[PDB]
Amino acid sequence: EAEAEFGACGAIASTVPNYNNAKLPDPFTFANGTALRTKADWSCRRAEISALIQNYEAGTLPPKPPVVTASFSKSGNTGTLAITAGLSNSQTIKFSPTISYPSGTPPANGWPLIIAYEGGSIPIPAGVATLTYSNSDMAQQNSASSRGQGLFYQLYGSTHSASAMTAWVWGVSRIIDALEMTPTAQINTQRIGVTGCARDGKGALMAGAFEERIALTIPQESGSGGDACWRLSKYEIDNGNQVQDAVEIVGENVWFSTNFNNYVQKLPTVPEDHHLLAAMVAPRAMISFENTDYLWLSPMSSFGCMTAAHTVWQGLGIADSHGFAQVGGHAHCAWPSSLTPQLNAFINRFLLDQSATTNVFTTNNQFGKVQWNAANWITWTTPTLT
């Protein structure tokens, strides 16, 4: 409704004041009760999901500011992309991510690139350039003490509602803006991925969800606040698994908005969960990786959450653009070589344009004191969006 004022998607909701659902919110029904039926409907539902996530847990994601400039220099195989961002009131900040390049002549359209939060913890293939993004500089993340601290807040103000992870997303968007105006960086901006591990994996998921120029999203062992769902993690903690959950996470750090504190004890009233956050990547590609050795990561919650999110790609007819691999037997953020084929399949297909098959959806079902029962959490029937 009200398309003449708001555009093609009309008056998307940012709140649902009467919501109360202990199971997972339905991806395929808008807040107003309209059912999704077409693939185009997904674009508008994703916009509504973005507004709901910002309202309840992420804070405000500012749009591109009126000043974004960039200069590039290179020494050896290392480029430095010096970025400046500024507001209409003259306030400016600067940050300078570095890029590690393969040697020699690039492909005609430039190197594919993975934006790696704090360098990431995945093996990046030799034909893909790596941009090291210091997300902690953009928004600090030591503990609850870090609230409102970081370069982002030196631009927008320390009381700005963006969570640290939303601030990190904004920084990624500026990096891509910079790359698109800097041909000498020799990056194929149509083949950019994002990755990070642990808290930086929560960050990478947020980046892929909210920044649509990311072609491939790779969250690694992101746990609670990442590819796990709040409702499922509450079920785990109530049944004796020592998981991270919504209540603890908001006291531990600043990855979520202060407003989320008002909902962590009332999760059924939140008209979203992280299955909808992950689904915001669709129709682009994502594979996330989880580790069952650490109950803190909430293993069942990630499997159930990603199974729920997967229904969006299934409804869009592109199930193989979304992968999930969950295994045990390795240290946190250590990369197990047994998963390298799955990682490379997604990188090869979505960043390197190879005909790799990307049907990856596997778990060992090692969930501790709980089991996954899809009927207790997913109530919707996946439509075939037209």
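Note that residue numbering begins at 1 and tracks the sequence as displayed.
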* Do the C-alpha atoms of 372-380 or of 19-27 have the higher average B factor in the entry? -> 372-380
* Higher-B stretch (mean Cα B-factor, as the entry records it), 347-355 or 35-43 -> 35-43
* Asked: Which one of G208, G171, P102, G225 shows the biggest C-alpha B-factor in the PDB entry?
  -> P102
* Compare the CA B factors listed in the entry for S136, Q244, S75, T307 and report the winner. => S75
* Taking the chain's C-alpha temperature factors as the reference, tell me which third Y294 falls into: lowest, middle or highest. => highest
* Ranked by Cα temperature factor within the chain, is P62 in the lowest third, the middle third or the highest third? -> lowest
* Structure fact -> Here the Cα B-factor of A70, set against its chain, lands in the third termed highest
* Structure fact -> Binned into thirds over the chain's modelled residues, the C-alpha B-factor of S163 lands in the lowest
* Which third, lowest, middle or highest, does the CA B-factor of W335 fall in along this chain? -> highest
